[PDB]
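I have placed the structure first, in the form of structure tokens, so that the comments after it can refer back to it.
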Number of protein chains: 2
Amino acid sequence: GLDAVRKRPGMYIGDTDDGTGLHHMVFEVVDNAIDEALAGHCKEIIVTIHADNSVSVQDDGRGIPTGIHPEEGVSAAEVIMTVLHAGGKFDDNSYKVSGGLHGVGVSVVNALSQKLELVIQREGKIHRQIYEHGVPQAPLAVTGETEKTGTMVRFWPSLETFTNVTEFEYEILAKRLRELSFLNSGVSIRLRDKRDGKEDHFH
Amino acid sequence: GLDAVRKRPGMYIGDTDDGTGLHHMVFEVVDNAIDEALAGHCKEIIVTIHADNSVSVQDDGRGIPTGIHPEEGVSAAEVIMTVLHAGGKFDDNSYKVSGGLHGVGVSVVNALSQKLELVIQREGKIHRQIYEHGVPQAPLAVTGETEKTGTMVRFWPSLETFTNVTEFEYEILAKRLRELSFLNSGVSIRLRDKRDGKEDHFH
Ligand SMILES: C#CCOC(=O)NCc1cc(-c2sc(-c3cccnc3)nc2N2CCCCC2)[nH]n1
Ligand SMILES: C#CCOC(=O)NCc1cc(-c2sc(-c3cccnc3)nc2N2CCCCC2)[nH]n1
């Protein structure tokens, strides 16, 4: 399970000491947002490096589905955050539909994050869910009204896991983000660094 | 296990009826070859569409390691062909080293292949291994001498699994291959179609 991930992180996210794994945490989440872009629902992805060296990834896609599978009793949100290798494609009712997994899965990003905050806007509502080291602190909650749809996630990588290189390199993130923007022509991808105020916009 | 894959293929490889999954079989193997390119050992990858609508992917990298883990007793070759989600990075002695999984894993390509033939050239030897529906027909065998190093694999997708679209589209494969070649500047990527003789060379 995720216990196996926390125990041998380099085997799932990549090297936890030279910065490879650390930056892969970002791309793993960005890959998911691109799926929404490819489905033609996401027009913009914004990646922000925060001063405390957490990273947020947000998109204006449909929002990860939050309602439980009417048979299995678990939402797509819960599944992809807490089940190793969970990925692929779901529908609005959290039924799993055909689609390949790709990457390692964001449940790994969650497991190796000291804190991960998930905020999902859909069906008129803001939904919130805090995880710590991959453990949900409460069930996913409705906390307000909204007209927007999309997903926002911020994660703080665990300093129990990542060593030596514990801070994100702008150039590395800007490298991957500039590539993806050229492959998906319609999708705007912004990169913001809140430490010094540098912005990039790949469209 | 791979039994779960054969049972619900669309959940692992993607849609098995509209051709998405079928072409993903190729890219899943090509992604692995690129890892060798990135490590600076592979200078060329060649993808061939065969007349019977099997596809081969070959590279001139180091060759997948074939010797058993001195503790676990299994080679990298065996692991990545027969273990779901097996991927990442190994060393020459089949120890697993830090590295992220990415994609779904080629053991899925194997599971959904009526036949897969693996030929590995390294340490002076040609090594061969036939799989059928993911089952090894014999242990990996040494069948001759060679000075070359590299990996060759040909797979015949299972017509028990893939329906309707059972033949590969050149343009789709050429799409992905042309992209990857531009991202990895030093690596030549060829595409050959043996049905009509069309060739492409992305460098
Ligand atoms: C860290 C972390 C987690 O945050 C994220 O994974 N954020 C990236 C993301 C994922 C999605 C959506 S919206 C959606 C959907 C499907 C059907 C109907 N409506 C919405 N599905 C997804 N994903 C499902 C899992 C595989 C990637 C795509 N939007 N933004
Ligand atoms: C279908 C199918 C299977 O065929 C393939 O996966 N073919 C692609 C491939 C993979 C490799 C090698 S060589 C090597 C290596 C490592 C250390 C020392 N020497 C060689 N490692 C790999 N892979 C290990 C698994 C993840 C992708 C890279 N060469 N060509």
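When we count neighbours, we look across all protein chains shown, and the Cβ atoms used for this are built from the backbone with ideal geometry, even at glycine. FYI, it's all coordinate maths here, none of it is from the lab.
Descriptive notes on the structure:
- Those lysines that a straight Cα-Cα span of less than 18 Å connects to B:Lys96, excepting residues fewer than 8 apart in one chain: A:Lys7
- Inter-copy label distances at A:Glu169 (7 Å, Cα→Cβ; nm, one decimal): 3.8
- Label sites at B:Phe182 and A:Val135, each approximated as a point 7 angstrom past Cα along Cα to Cβ, lie 4.8 nm apart.
- Chain B: most fluctuating residue of B:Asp18, B:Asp60, B:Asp193 per GNM, C-alpha cutoff 10 Å: B:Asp18
- Given charges at beta-carbon only (K, R positive; D, E negative), |dipole| of the range A:51-199 in Debye: 260 debye
- Each residue of the range B:56-61 was assigned a 3J(HN,Hα) from its phi angle through the Karplus expression (A = 6.51, B = -1.76, C = 1.60, θ = phi - 60°), giving 10, 10, 10, 9, 10, x Hz with x at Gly and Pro.
- Think of the axis that spins chain B onto A; the B residue whose C-beta lies nearest it, and the distance in whole Å, is B:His85, 3.
- Dipole of chain A, positive end: most advanced residue of A:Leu191, A:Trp156, A:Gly1 [Cβ charges, Cα centre]: A:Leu191
- Cα centre as origin, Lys/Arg/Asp/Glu Cβ charges: the range B:41-124 dipole, Debye: 180 debye
- Distances between equivalent label points of B:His201 across the copies, with each point positioned 7 Å along Cα→Cβ, amount to 4.2 nm, shortest listed first.
- Normalising the average separation of contacting C-alpha pairs (under 8 angstrom, six or more residues apart) by the number of residues puts the relative contact order of chain A at 24 percent.
- The charge dipole of the protein assembly as shown, taken about its Cα centre with unit charges on the Cβ of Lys, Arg, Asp and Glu (plus for the first two, minus for the last two), comes to roughly 60 debye.
- In the range B:161-191, GluC sites (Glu not before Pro) in a DSSP loop with at most 14 other beta-carbon atoms within 10 Å: B:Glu167, B:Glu169
- Loop-resident sites, the range A:132-203, for trypsin sites (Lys or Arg not before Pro), counting at most 11 other Cβ within 10 Å (DSSP): A:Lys148
- Using a simple spin-label model with pseudo-atoms 7 Å out from Cα toward Cβ, A:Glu167 and B:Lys148 lie 4.9 nm apart.
- For the residue pairs A:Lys89/B:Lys198; A:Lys43/A:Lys175; A:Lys89/A:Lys198; A:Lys175/B:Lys175; A:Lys43/A:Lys125, the C-alpha atoms sit more than 23 angstrom apart in A:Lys89/B:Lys198; A:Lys89/A:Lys198.
- Proxy reagent accessibility, fewest Cβ within 10 Å first, across A:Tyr12, A:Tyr95: A:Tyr95, A:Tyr12
- Among the GluC sites (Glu not before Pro) in the range B:57-116, those located in a DSSP loop and surrounded by at most 15 other Cβ atoms within 10 Å of their own Cβ are B:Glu71, B:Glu72.
- Between identical copies, the spacing of B:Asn184 label points, each set 7 Å from Cα toward the C-beta atom, reads 2.2 nm from nearest to farthest.
- Karplus-derived HN-Hα couplings along the range B:191-201 (A = 6.51, B = -1.76, C = 1.60, θ = phi - 60°), whole Hz, x at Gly and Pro: 10, 10, 10, 7, 6, 10, x, 5, 10, 9, 9
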